[PDB]
């Protein structure tokens, strides 16, 4: 872990938000209670991607800088009728954040926005 954690910032207060919206993020955990894909309010503040339980939370569940990462649509992350709504953001250390959007267009807009930054 880091020596000093990321400051908690209310969702409403985030600066320089390029794009924001509800997505579902896939759980890492093999064994869990509830759904694999958990609803998260996501926001890209400059190059930092924040995620929250809701768009009114006072503190993020987590965040990461996208610098040096890659992004793609991925139609294999689920079998359900949402197969064409999923994309992932891949880090230099092969950590992956995997997301489902409300529609294929919504996912593609996220990817385009991120892809345009990752250069």
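Numbering follows the first chain given and starts at 1.
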With B-factors read from the PDB entry, the higher C-alpha mean of 8-16 and 94-102 is in 8-16
Of 48-56 vs 78-86, the stretch with the larger average CA B-factor in the entry is 78-86
Chain thirds by Cα B factor, record data; residue 68 belongs to the middle
Of the three thirds of Cα B-factor ranks in this chain, residue 26 occupies the lowest
